[PDB]
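What follows is a short report on a single structure.
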Amino acid sequence: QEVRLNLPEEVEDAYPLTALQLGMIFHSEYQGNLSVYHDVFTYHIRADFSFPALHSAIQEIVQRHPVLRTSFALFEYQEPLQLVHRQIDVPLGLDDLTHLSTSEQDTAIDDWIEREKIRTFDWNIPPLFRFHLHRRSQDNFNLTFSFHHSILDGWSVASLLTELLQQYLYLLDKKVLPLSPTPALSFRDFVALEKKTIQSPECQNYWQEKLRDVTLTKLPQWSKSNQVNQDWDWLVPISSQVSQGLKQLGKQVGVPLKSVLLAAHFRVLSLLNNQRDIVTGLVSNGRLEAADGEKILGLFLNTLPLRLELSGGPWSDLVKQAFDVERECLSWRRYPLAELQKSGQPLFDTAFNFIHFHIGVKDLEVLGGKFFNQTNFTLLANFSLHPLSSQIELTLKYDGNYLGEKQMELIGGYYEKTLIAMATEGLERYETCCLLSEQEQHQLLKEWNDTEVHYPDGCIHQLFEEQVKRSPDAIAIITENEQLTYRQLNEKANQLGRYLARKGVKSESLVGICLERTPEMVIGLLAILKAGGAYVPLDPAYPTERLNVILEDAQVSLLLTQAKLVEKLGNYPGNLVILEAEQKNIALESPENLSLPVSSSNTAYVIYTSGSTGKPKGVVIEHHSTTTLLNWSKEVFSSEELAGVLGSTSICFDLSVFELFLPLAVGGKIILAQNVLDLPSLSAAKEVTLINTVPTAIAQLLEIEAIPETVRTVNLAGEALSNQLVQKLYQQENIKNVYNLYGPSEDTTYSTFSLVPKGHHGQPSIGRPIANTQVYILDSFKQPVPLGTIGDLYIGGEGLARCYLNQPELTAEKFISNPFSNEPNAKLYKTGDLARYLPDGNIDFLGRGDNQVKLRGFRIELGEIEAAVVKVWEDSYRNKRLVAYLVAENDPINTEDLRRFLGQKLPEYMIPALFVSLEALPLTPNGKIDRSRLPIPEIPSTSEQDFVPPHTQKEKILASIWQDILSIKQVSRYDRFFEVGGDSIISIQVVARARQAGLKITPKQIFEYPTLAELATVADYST
Ligand SMILES: Nc1ncnc2c1ncn2[C@@H]1O[C@H](COP(=O)(O)OP(=O)(O)OP(=O)(O)O)[C@@H](O)[C@H]1O
Ligand SMILES: *P(=O)(O)OCC(C)(C)[C@@H](O)C(=O)NCCC(=O)NCCS
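Residue numbers for the sequence shown, in the authors' numbering: 1269 to 1626, 1632 to 2140, 2151 to 2306.
Quick look at the structure:
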């Protein structure tokens, strides 16, 4: 070996770094913040000092342990490797501050630590630590130890300080306690043992099987620590009683106490993620199994991805399966984390750690307990057993860039209440126990569902009849070829309703309707309602089968049709009321209002939808649910907005219930059209003050400048609403309100509403519930999810349907008992949609639960156009990546700028790798979109096989460096770092070999400018 013997005489030993050591420097120097894995421990001490014996005692310890004389040589050699220097002098800093009061003394000490912790170490120059003294009285003094975590774990520090203080007193004649020689020790024996382990096929295949089809999870983020600096420690109270009960539980189950505390961690993660399949890092203390193999100092840690599914059960079952998953991976535990995953595919967001441990002249620390230390984990649960009380306690160490105090306050409560339940009610089902704070329960369940409003009872047509009395000569409908006054419309609805009544239609009688969109259509609706029946909507502009499958399901009493559509019908064996055939017999009927004793609980209509697989399902909507919607709409929309409401939606769909009956309830008029795309070619387009449609259709009308300047409100509902679009609509200055509304057919037409602000930033929400409607975000066990967590959207209140027609079993499945109401009838409708709450109570709609897709990093959903459409193009790999479909407006967009812009705003696993610059996106009419008809892209390479543009704007030195460390021939200037096989651990030796080459770069600059092109510019010289 010409390296063993080509070492400085300074160095006596040399051996490579572990993947963790390189992982730690990677995190320490990821940016210039430089606070992670630089630990600073201080100690306030009543004693008699010995600044010479204290110093010499350090010299005894540093020569005692090679890791305490270790330098780092990163780039210069083949692999980064640790250089063990033969001996080093190490000073002890001193400050005298007796002249200051005790309160002033800690201000100046914390000031010293705050300065020291970001004061980086020079790896190549030993030692990787510093000591320091602050003098207060001749007996009060602070001793501070500042070190880098790549050299020492918390265990190493513990026994490092121990050997110290019994060689400090050794040189003091207080008690002579001789120190024993070092054992068969080597941090290399571990470094050598960890190398053997990376190439062992039994470790690789084991974790390959254990992690096969995991569901990775990121914690929810809706806050940051922009207030607290480095008090990123959250203290979770644990009382004496609860510590004892936690110990009792581990005895009863028969596992070590650590497995009880680990099960609490798993409980809160499942709660926070609404995920039963949970992965979290277990901090393992990989010491050499020989005796006196835990007295050697160094870094012996590996963090393993423990996987576990929370099916449910008593707490004791969760404990036992936390024990089962720990021994399961006991022997295979030294396989390093970096070899498990890849850079940018972190296996877990969080981690668990448990710290077991255990006179008057000096010895005792008076205020010696301040430990500053940070990891790279967003949430580390730092359990320990206090050495003197033997009581359990917990500190949540969190990443303020990812979790704020408004969030950590709730996380800490979840941990506190989880440990309460385990210690006191440790025999309940853990998946039903309420871990949410009393404050959070009230806000999620009460305050954000406080929508009760007392409206007049009654029916849909009663709202119309009353408006006829109040303005009988006002216009009710304007079609292309006629109008009708409120009296004129009413009198015909009475006449048709009487003819139907004397044909034999009464309460709960279903009469369908297949009519071309003319005023007889609305007359048909109103006459059916005025008699006391309920209409089943049919639209002649739809294929004949769709009509048949509904009539089949509904089995209607009789059908109102025109002579021109009976033909379209498959000879419905029931009674027909071919309208024009016997208009003569209509006209004999009275014009007076039928005043039948209709109940608001009678069915008003049966709206037919399709399930996920495509079966018919008729939604039975009562009058009171519709009147509640209309009465609420009276409050929200003005008379000037309701002056002319466009009737564009097919009555087969529930948005027609809003467009038709609402203007008739207030005095406005239906501006009737065949669809929203006929609006520009319509006579009364000038009269339209409100349109009620779907985002794509209003985009259609926007390109061609087809929105009448008299339109003052736009109601949007039915697909994803881009804030880019509401901002165009508001730019037409007459448009005064733009609403995003949500609601399944099972909850009448609308369930939630949001008056999307002008200039509003970010995703538009679907808002919060309308009058007499309640919303809940639950898990599979119908438990409310924490604020910000994704869950199933449930809806209750006055808008819920009776049932699915002729399908009572599906009705029970979808309309479940309401756990949050005492009322007898109280149901909740399972929407099948996912959602979460924004902090202000607004609801963030996340789509149906079925098509929410998957990938490593974190398996969740797409719908992230907020940055266009995203797709999943399954290729014959069955190994996949995210695809974009962009358009833009004028000049091209730097597609990479569109990724780094999202790098600091959106998570990396969600950020796609493939872009497509398009123009024409698919749509087969104005509603049905075709995801499967999106252009399958081509791999950017080929055509340019050995595509190698020369590299002349100082890529020169950068390309050199990539080439030497990555073993590839030469690089192209537009190549990406991670695609040519670079990772986090390699990013360091890229920064380092760029250092002596005259360039300063950060690992953060590598991960946001991974191309050799944009990385070369942000590179610096610094004279
Ligand atoms: N990505 C999104 N961002 C904001 N709002 C959305 C999004 N997707 C749907 N919505 C809202 O949901 C309401 C109606 O549900 P919608 O049919 O749009 O759900 P979807 O996600 O588009 O469809 P699916 O439920 O089939 O995934 C509309 O008000 C619409 O604004
Ligand atoms: P890159 O994306 O490959 O980065 C890898 C890593 C640095 C995140 C990882 O390999 C790593 O080293 N994690 C550190 C494990 C740890 O924190 N151990 C001690 C916890 S106190």
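We treat Cβ as the ideally placed atom computed from N, Cα and C, and that holds for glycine.
Taking the C-alpha atoms as reference points, what is the distance between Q1489 and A1993?
Position 221 of the sequence shown, counted from the first residue, corresponds to residue 1489. Position 720 of the sequence shown, counted from the first residue, corresponds to residue 1993. Rounded to the nearest angstrom, the two C-alpha atoms are 22 Å apart.
Limits of the beta strand (DSSP E) - the one that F1399 falls within:
If you number the sequence shown from 1, residue 1399 lands on position 131. Looking at the DSSP string, the run of the beta strand (DSSP E) that includes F1399 is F1397 to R1403.
Coil, strand or helix - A1749 by DSSP:
Residue numbering aside, residue 1749 sits at position 476 when the sequence shown is read from its first letter. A1749: strand per DSSP, three-state reduction.
Contact check, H1400 vs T1412 under 8 Å by CB: the rounded distance?
Locating residue 1400 in the sequence shown gives position 132, counting from the first residue. Locating residue 1412 in the sequence shown gives position 144, counting from the first residue. Contact flag correct, Cβ pair sits at about 4 Å.
Which value, in whole angstroms, describes the spacing of the CA atoms of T2178 and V2273?
Taking the first residue of the sequence shown as 1, we reach residue 2178 at position 895. Taking the first residue of the sequence shown as 1, we reach residue 2273 at position 990. Taking the straight line joining both Cα atoms gives about 25 Å.
Do you know whose CA, among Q1735, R1314 and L1578, lies nearest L1537's CA?
Walking along the sequence shown from the start, residue 1537 turns up at place 269. Cα-wise, what sits closest to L1537 is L1578.
Same chain, Cβ closer than 7 Å to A1800, five either side skipped, listed in chain order
For this step, residue 1800 is matched to residue 527 along the sequence shown. Answer for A1800: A1766, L1769, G1770 and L1773, listed in chain order.
Measure the alpha-carbon distance for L2185 versus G2136 and round it to whole angstroms.
For the purposes of this step, residue 2185 is identified with residue 902 of the sequence shown, where counting begins at 1. For the purposes of this step, residue 2136 is identified with residue 863 of the sequence shown, where counting begins at 1. Computed Cα separation, rounded: 14 Å.
Three Cβ pairs or more, each shorter than 8 Å: is that satisfied between the region 1971-1988 and the region 2108-2125?
no
How about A1654: is its Cβ closer than 7 Å to a heavy atom in ligand 2?
Taking the first residue of the sequence shown as position 1, residue 1654 is located at position 381. The answer is no for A1654.
Hey, would you say the C-beta of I1466 is under 7 Å away from at least one heavy atom of ligand 2?
Within the sequence shown, residue 1466 is the residue found at index 198, counting from 1. No, the beta carbon of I1466 sits no closer than 7 Å to any heavy atom of ligand 2.
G2070, DSSP secondary structure in three states:
Walking along the sequence shown from the start, residue 2070 turns up at place 797. The answer is strand: DSSP assigns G2070 an E or B state.
Roughly how many angstroms lie between the CA atoms of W1423 and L1539, to the nearest whole one?
Your numbering for residue 1423 matches position 155 in the sequence shown. Your numbering for residue 1539 matches position 271 in the sequence shown. Whole-angstrom Cα-Cα distance: 31 Å.
Relative to the C-alpha of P2218, which residue among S2224, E2227 and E2202 is closest?
For the purposes of this step, residue 2218 is taken as residue 935 along the sequence shown, with counting starting at 1. Of the candidates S2224, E2227 and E2202, the one whose C-alpha sits nearest the C-alpha of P2218 is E2202.
Can we count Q2000 as close to ligand 1, meaning its CB is less than 7 Å from some heavy atom?
As a first step, residue 2000 is located in the sequence shown; it is residue number 727 there, counting from the start. Incorrect: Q2000 has no Cβ contact closer than 7 Å to ligand 1.
Can you grab the Cα-Cα spacing for the pair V1784 / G1777, in whole Å?
Walking along the sequence shown from the start, residue 1784 turns up at place 511. Walking along the sequence shown from the start, residue 1777 turns up at place 504. If I take the Cα positions, the gap works out to 11 Å.
Quick check: does the Cβ of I2039 come within less than 7 Å of any heavy atom belonging to ligand 1?
Sequence index remark: in the sequence shown, residue 2039 carries index 766 (1-based). Yes, since a heavy atom of ligand 1 falls inside the 7 Å radius drawn around the Cβ of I2039.
Neighbour-count burial assignment, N1301, 16 or more Cβ in a 10 Å radius
Locating residue 1301 in the sequence shown gives position 33, counting from the first residue. Per the 10 Å Cβ criterion, exposed.
Would you say the beta carbon of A2151 comes nearer than 7 Å to a heavy atom of ligand 2?
In the sequence shown, counting from the first residue as 1, residue 2151 sits at position 868. Because no heavy atom of ligand 2 lies under 7 Å away, the Cβ of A2151 does not count as near it: no.
DSSP state of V1879, grouped into three classes?
Start at 1 with the first residue of the sequence shown, and residue 1879 comes out as number 606. Three-state result, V1879: strand.
Does the count of Cβ pairs from the region 1650-1658 and the region 1674-1684 closer than 8 Å reach three?
yes
Pull the bridge partners of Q1613 from the DSSP assignment, please.
Against the sequence shown, residue 1613 aligns to sequence position 345. Paired residues: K1610.
In three-state terms, what does DSSP make of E2227?
For the purposes of this step, residue 2227 is taken as residue 944 along the sequence shown, with counting starting at 1. In the structure shown, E2227 sits in a strand (DSSP, three-state: E or B).
Give the DSSP-derived three-state secondary structure of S1511 in the structure shown.
Walking along the sequence shown from the start, residue 1511 turns up at place 243. Residue state, collapsed to three classes: helix.
Cβ of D1421 versus every heavy atom of ligand 1: is any distance shorter than 7 Å?
The residue you call residue 1421 lines up with position 153 of the sequence shown. Checking every heavy atom of ligand 1 against the Cβ of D1421, none is found closer than 7 Å.
Please give me, in chain order, every unbroken run of the alpha helix (DSSP H) with length at least 4 that falls completely inside the region 2015-2084.
none
Check whether the Cβ atoms of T1966 and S2024 sit closer than 8 Å, and answer yes or no.
Position 693 of the sequence shown, counted from the first residue, corresponds to residue 1966. Position 751 of the sequence shown, counted from the first residue, corresponds to residue 2024. No.
Through-space distance from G1549 to residue 2143, alpha-carbon basis
Absent here is residue 2143, because the residues of the chain run from 2140 on to 2151 with nothing modelled in between.
Any heavy atom of ligand 1 closer than 7 Å to the beta-carbon of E1992?
Residue 1992 sits at position 719 when you count from the first residue of the sequence shown. For ligand 1, at least one heavy atom lies less than 7 Å from the Cβ of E1992.
Nearest-angstrom Cα separation, counted from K1478 out to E1596
Start at 1 with the first residue of the sequence shown, and residue 1596 comes out as number 328. Start at 1 with the first residue of the sequence shown, and residue 1478 comes out as number 210. Near 10 Å, if we compare the C-alpha coordinates of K1478 and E1596.
For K1643, report the span of its beta strand (DSSP E) as first-last.
For the purposes of this step, residue 1643 is taken as the residue at position 370 of the sequence shown. Where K1643 is concerned, the enclosing beta strand (DSSP E) stretches over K1643 to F1645.
Determine whether the beta carbon atoms of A2151 and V2170 lie at a separation below 8 Å.
By 1-based counting over the sequence shown, the position of residue 2151 is 868. By 1-based counting over the sequence shown, the position of residue 2170 is 887. Their beta carbons are under 8 Å apart, which means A2151 touches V2170 by this criterion.
Would you say the region 1853-1868 touches the region 1686-1696, given that touching needs at least three Cβ pairs under 8 Å?
no
For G1917, list the residues DSSP reports as bridge partners.
Start at 1 with the first residue of the sequence shown, and residue 1917 comes out as number 644. DSSP lists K1942 as partners of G1917.
Beta-bridge pairing of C1706 - partner residues as DSSP gives them
Residue mapping note: residue 1706 aligns to position 433 of the sequence shown, counting from 1. None; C1706 has no bridge partner.
Under DSSP, the alpha helix (DSSP H) around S2270 begins and ends at which residues?
Within the sequence shown, the letter at position 987 stands for residue 2270. Taken as a continuous stretch (DSSP letters only), the alpha helix (DSSP H) holding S2270 covers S2267 to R2276.
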